[PDB]
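Breakdown of the fold
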Amino acid sequence: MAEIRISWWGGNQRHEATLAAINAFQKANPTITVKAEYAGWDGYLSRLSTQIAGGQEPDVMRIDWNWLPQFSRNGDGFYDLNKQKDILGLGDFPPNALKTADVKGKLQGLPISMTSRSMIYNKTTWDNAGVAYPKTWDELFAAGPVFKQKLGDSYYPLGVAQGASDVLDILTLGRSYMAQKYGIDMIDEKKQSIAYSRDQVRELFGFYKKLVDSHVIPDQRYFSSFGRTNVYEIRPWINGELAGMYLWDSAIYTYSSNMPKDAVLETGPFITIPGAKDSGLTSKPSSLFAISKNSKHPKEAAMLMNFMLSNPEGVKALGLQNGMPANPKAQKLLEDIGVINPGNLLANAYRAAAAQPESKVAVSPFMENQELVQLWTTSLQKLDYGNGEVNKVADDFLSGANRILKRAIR
């Protein structure tokens, strides 16, 4: 028998479903051995990076899109999936989706699903506050004091998805705001630099300070009080004190996972500046499957990928555990069998994003650079612990961010 290895991360529901897909693949392809190598998200990238350095990586890897600079722009790259166009059925996938994973003409990975940032709100809490979901940034800021006065200091319109560990969500929210306002992105890849002027970086930090000062989100002192606990497991999320999250729609299942049975989470309006220049709609692949550059069995690896993403048996096995399938035929199947339905929060969030005006402002994978995100996070902590004024923190973020980007971007 021929043997292929596949790695991924996620929770136990994704693990079961991925195993179900593998078992169905093996039934259909009884001479192929599949070795499953899954794990949790923490440590996955560091393990994979070490494997790749030694030639020890699996034949098929789940990867994040924002890892392509490390592994492909500035590394050896993956097996070029255009070499398996027919097996993969690349013509089924949206061309725009495939373009996201191209590096210099070579397709580095196959998007499993596309995903967008959108608001998920706790209906019960907003209704108890007497505030409608906000359509403009004004309404968002104005909701904070109302929550505070009406429900108490524990209650907030919006949380921070990874607390004091990482504040990429609010960085991205700020980026969306700035794209609406100015029609530019945060990153200038050509210049290997932050695209915002010194003044615009100040405005970005000011936007954060406003969210905090207005009681829209809790500060970093609040989140630090919860330690290293997953925010999707802390009591204020579970019990509706934090009444919103700005999530990738591919994270909805995770954030829904520990909510009480009677809780009601809903997709919320796409907050926009009146007369915005751009929608600021923020989308990317939720994840990709890549084939090892030096796999001995790239055809069989591609067969497994096609089975998971396009074959009805693999598609049914995986359901929505990796988000809304990138292959529209796979989505149609899931709708036909009722897995995609109008009661489903992921489907609703995804469909809402799909109805928004397309952004003309590119999302850079470098906005998710881990050093950059940690610099942002620590900068917010400096502000929130009273260890710095906005301008100094902002200007220092700009210089440090630019040092990081000169290393990261090439």
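By the method listed in its record, X-ray crystallography, this PDB entry was determined to a resolution of 1.40 Å.

Now for empty space enclosed by the protein. One way to see where empty space is left: roll a probe the size of a water molecule over the atoms. The calculated volume of the largest cavity comes to roughly 100 Å³. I112, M308, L309, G319 and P325 are the residues nearest the centre of the largest cavity, which is lined by 15 residues in total. If you list the elements that add at least two residues to the lining of the largest cavity, you get β6 (110-122), α13 (298-309) and α14 (312-318). Partitioning the lining of the largest cavity into residue classes produces 10 nonpolar, 5 polar and no charged. The space that makes up the second largest cavity amounts to roughly 30 Å³. Lining of the second largest cavity is provided by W8, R14, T18, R62, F289, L318 and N322.

The next subject is helix α18 (residues 390-408). Between its first and last C-alpha atoms α18 spans 26 Å; for 19 residues at 1.5 Å apiece the expected length is 27 Å, and the two agree. All of the buried residues in α18 are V390, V393, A394, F397, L398, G400, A401, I404, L405 and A408. Buried residues along α18 sit in contact with β7 (187-188), β8 (193-194), α9 (198-213) and α17 (370-384).

We now examine unusual backbone geometry. Non-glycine residue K104 carries a positive phi angle of around 50°. With respect to the secondary-structure elements, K104 resides in the loop between β4 (102-103) and β5 (106-107). Of note in the backbone geometry, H215 takes a positive phi value of approximately 60° without being a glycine. Relative to the elements of secondary structure, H215 occurs in the loop between α9 and α10 (220-224). Here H215 falls in the buried class, since its relative accessible area comes to 7%.

Looking at the assigned domains, one finds that the protein chain contains domain 1 (1-112 + 286-352) and domain 2 (113-285 + 353-410). Here the C-alpha centroids of domain 1 and domain 2 sit 28 Å apart. Of the residues lining the interface, 29 residues belong to domain 1; the matching set on domain 2 comes to 29 residues. Carbon and sulfur atoms make up 59% of the surface buried where domain 1 meets domain 2, a total of about 2,300 Å² over both sides. The largest per-residue losses of area from domain 1 upon contact with domain 2 belong to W65, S286 and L345, which jointly make up 29% of the total buried on that side. At the boundary of domain 1 and domain 2, one finds 1 salt bridge. A salt bridge links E189 to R73; the shortest N-O distance between them is 2.9 Å. Linking domain 1 to domain 2 there are 16 residue pairs in polar contact. Looking at the side of domain 1 that touches domain 2, the elements that each hand over two or more residues are α3 (68-73), α5 (95-99), β6, β11 (283-291) and α16 (345-354). When residues in the side of domain 1 that touches domain 2 are grouped by element, the largest group, 7 residues, is from α16.

Turning next to the pattern of salt bridges. A complete count under the given rule lists 16 salt bridges for this structure. Linking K332 and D336 is a salt bridge whose minimum nitrogen-to-oxygen distance equals 2.9 Å. Placement of the pair is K332 and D336 together in helix α15 (residues 328-336), with a separation of 4 residues, close to one helical turn.

On to a positive patch on the surface, then. A cluster of basic residues, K83, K104, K106 and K293, forms a positive patch at the surface. Assignment of secondary structure puts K106 in strand β5.

Quick look at the packing of helix α8 (residues 168-182) against α9 now. In the contact formed by α8 and α9, the axes pass within 10 Å of each other and the chain directions differ by 125°. Here α8 lies oblique to α9, going by the angle between them. Judged by the twist between their axes, the crossing of α8 over α9 is right-handed. Taken together, the residues of α9 that come into contact with α8 (itself represented by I170, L171, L173, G174, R175, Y177, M178, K181 and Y182) are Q200, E203, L204, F207, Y208 and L211. Of the residues assigned to the contact of α8 with α9, the class counts are 10 nonpolar, 2 polar and 3 charged.

Each value, and the rule that gives it
- Residues numbered from 1 in each chain as written, not as in the entry; some residues may be left out.
- Heavy atoms only, no water.
- Residues with missing side-chain atoms left out of burial classes, pairs and counts.
- 1 Å grid on protein atoms, 1.4 Å probe; cavity = no way out; pocket = protein on both sides within 12 Å on 5 of 7 lines; lining within 4 Å.
- Points joined across faces, edges and corners; volume = space filled by probe spheres on them.
- Helix = DSSP H or I, 4+ residues; strand = E, 2+ residues; numbered from the N terminus.
- Nonpolar A, V, L, I, M, F, W, Y, C, P; charged D, E, K, R; others polar.
- Expected span 1.5 Å × (residues − 1).
- Buried < 20%, exposed > 50% of the residue type's maximum accessible area, 1.4 Å probe, protein only.
- Contact = heavy atoms within 4.5 Å.
- Domains from an automatic or database assignment.
- Buried area = accessible area lost by both parts, 1.4 Å probe.
- Salt bridge = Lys/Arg side-chain N within 4 Å of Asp/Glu carboxyl O.
- Polar contact = N/O pair within 3.5 Å; in protein donor to acceptor, adjacent residues only side chain to side chain.
- Patch = residues over 30% accessible without salt bridge, like charges linked within 9 Å, V, L, I, M, F, W, Y side chains within 5 Å.
- Areas by Shrake-Rupley, 256 points an atom, 1.4 Å probe, with all protein chains shown as cover.
- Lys, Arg positive; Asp, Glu negative; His and termini not counted.
- Charge placed at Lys NZ, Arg CZ, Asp CG, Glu CD.
- Axes fitted to C-alpha atoms, helices over the stretch in contact; angles between N-to-C directions.
- Parallel < 35°, antiparallel > 145°, perpendicular 65-115°, else oblique.
- Left-handed = near helix turned anticlockwise from the far one by under 90°.

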